[PDB]
Amino acid sequence: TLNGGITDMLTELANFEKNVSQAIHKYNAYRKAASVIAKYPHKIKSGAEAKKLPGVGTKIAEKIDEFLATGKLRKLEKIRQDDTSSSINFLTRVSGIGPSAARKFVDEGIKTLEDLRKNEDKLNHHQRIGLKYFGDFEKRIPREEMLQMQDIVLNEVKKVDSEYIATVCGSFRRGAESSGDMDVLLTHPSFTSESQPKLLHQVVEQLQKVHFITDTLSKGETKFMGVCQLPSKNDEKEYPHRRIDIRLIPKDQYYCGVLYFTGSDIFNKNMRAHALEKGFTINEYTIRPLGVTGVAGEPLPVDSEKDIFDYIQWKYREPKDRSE
DNA sequence: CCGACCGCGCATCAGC
DNA sequence: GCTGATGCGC
DNA sequence: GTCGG
Ligand SMILES: Nc1nc(C[C@H]2C[C@H](O)[C@@H](COP(=O)(O)OP(=O)(O)OP(=O)(O)O)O2)c(NC=O)c(=O)[nH]1
Ligand SMILES: [Ca+2]
Ligand SMILES: [Ca+2]
Ligand SMILES: [Ca+2]
Ligand code: NA
Ligand code: NA
């Protein structure tokens, strides 16, 4: 919490730009600034000092000097006191309510969870589920629970067909102590770029059959987004409901997918910048060679995460060591 | 100065 | 009925 | 809002 007041302020400004101004690039600018400042190992003494960090520019340096001298930001103070902005900001915490729906709801006097619960007819299916689990979806997931969730998913997937490959990615695969949701990448040897039906559906159905998956936000042939819950013992309290995504990826793009969806964002960026310096380009699907004039060639064969590191002559980085 | 800032799968809607 | 645009999440 | 061409 060296500069926790500054990072809190920048995050509040970010959330305002995202939810109220509908300016996703300023949201990400403020987020970027807050991240580098949370990494900085000194209590910032001036805006000029922070401005030396990448992502901190002139207007953020100005806000830091105001916050340092006064302990507050009058832009934020006015925003907090604006009832419309505060209601729009709150409503976007419902999964499925974005800035457009939030503003539309607030315009017609729908401002609170109660107002939403009163107006289920004006909600689409996703929004109804987000409202249903409003508190649960904002809880984090302890790693011990993730581990238990991974066991169910891998086991039920194996039960459908032994040849499925399922990998839990995101912050969990990087070894985090808690996760926000569960990210599952699924493949099968029979599904390639140049190619069985219902491959995702059968896994989703089996997980519903054992009452692990409890709700569906969206589902198609390659991506499922829904809700799941660990089973409870007959004497203890039930578990929170959890967000879970399952994506079906072709096997020849699978390990590029695992690489991408493990992250982190900073690590992917560093790994792709290094790939370029070696004459390769990595995206979420493929690694391709670069010709002399920057033309990408055909995708290279990838049987594992390690193959990707080998191509660019990088020693394998363990998922836990991929924070950057 | 000024354009880019990831962009795609799914759900939903406006227009044909 | 269809297609393309958009909101949303990530 | 920040960055870079
Ligand atoms: N789960 C998920 N992630 C991404 C983004 C990629 C790049 C990112 O470094 C990596 C993990 O991002 P994610 O939002 O899952 O964050 P994570 O590190 O898992 O933290 P948390 O979810 O809070 O536990 O996946 C997606 N694609 C685009 O954003 C996606 O559809 N689903
Ligand atoms: Ca995640
Ligand atoms: Ca609950
Ligand atoms: Ca993408
Ligand atoms: Na939302
Ligand atoms: Na997330």
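Note on naming: letters A, B, ... go to the chains in the order of the sequence lines (proteins, then strands), and numbering restarts at 1 for each one.
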Taking only residues two or more places apart in sequence or in another chain, which ones pass salt bridge (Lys or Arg N to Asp or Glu O under 4.0 Å) with A/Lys18?
none
Quick one: side-chain hydrogen bond (donor to acceptor under 3.5 Å, both in side chains) partners of A/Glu138, sequence neighbours excluded?
A/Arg93
Show me the protein contacts with nucleotides 3-5 of chain D, counting only N or O atoms at under 3.5 Å.
| unit_1 | atom_1 | unit_2 | atom_2 | d |
| --- | --- | --- | --- | --- |
| D/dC3 | OP1 | A/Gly55 | N | 2.8 |

List for me each residue that meets side-chain hydrogen bond (donor to acceptor under 3.5 Å, both in side chains) alongside A/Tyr254, sequence neighbours excluded, and say none if there are none.
A/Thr167
Sequence neighbours left out, what passes salt bridge (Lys or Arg N to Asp or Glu O under 4.0 Å) with A/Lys209? Give chain and number order.
none
Reading 5' to 3' through nucleotides 1-6 of chain B, protein heavy-atom contacts under 4.0 Å coded B for base, S for sugar-phosphate only, - for none
----B-
Between side-chain atoms of residues 63-70 of chain A and protein atoms elsewhere (two or more places apart, or another chain), which donor-acceptor pairs fall under 3.5 Å?
| unit_1 | atom_1 | unit_2 | atom_2 | d |
| --- | --- | --- | --- | --- |
| A/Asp65 | OD1 | A/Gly47 | N | 2.5 |
| A/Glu66 | OE1 | A/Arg74 | NH1 | 3.0 |
| A/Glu66 | OE2 | A/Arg74 | N | 2.9 |
| A/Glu66 | OE2 | A/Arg74 | NH1 | 3.4 |
| A/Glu66 | OE2 | A/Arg74 | NH2 | 3.0 |
| A/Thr70 | OG1 | A/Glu66 | O | 2.7 |
| A/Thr70 | OG1 | A/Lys72 | N | 3.0 |
| A/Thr70 | OG1 | A/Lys72 | O | 2.7 |

Among residues two or more places apart or on two chains, list those pairs meeting ring-ring contact (aromatic ring centres under 6.0 Å, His included) that have a residue in residues 205-232 of chain A.
none
Close N/O contacts between protein and nucleotides 9-12 of chain B (under 3.5 Å):
| unit_1 | atom_1 | unit_2 | atom_2 | d |
| --- | --- | --- | --- | --- |
| B/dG9 | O3' | A/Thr222 | OG1 | 3.2 |
| B/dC10 | OP1 | A/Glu221 | N | 3.1 |
| B/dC10 | OP1 | A/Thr222 | N | 2.8 |
| B/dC10 | OP1 | A/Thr222 | OG1 | 3.4 |
| B/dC10 | OP1 | A/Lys223 | N | 2.9 |
| B/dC10 | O3' | A/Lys219 | N | 3.4 |
| B/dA11 | OP1 | A/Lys219 | N | 2.9 |
| B/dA11 | OP1 | A/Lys219 | O | 3.3 |

Mind checking side-chain hydrogen bond (donor to acceptor under 3.5 Å, both in side chains) for A/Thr58 and listing every partner two or more places apart, or none if nothing turns up?
none
side-chain hydrogen bond (donor to acceptor under 3.5 Å, both in side chains) partners for A/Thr214, two or more places apart:
none
Considering residues at least two apart in sequence or located in another chain, which fulfil the side-chain contact (heavy atoms from CB on, under 4.5 Å) criterion with A/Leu276?
A/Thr281, A/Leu290
Please classify the nucleic acid contact of A/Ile60 as base, sugar-phosphate, or nothing, using heavy-atom distances under 4.0 Å.
sugar-phosphate
May I ask you to evaluate whether A/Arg243 reaches the phosphate of C/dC10, defined as a side-chain N or O under 4.0 Å from OP1 or OP2?
yes
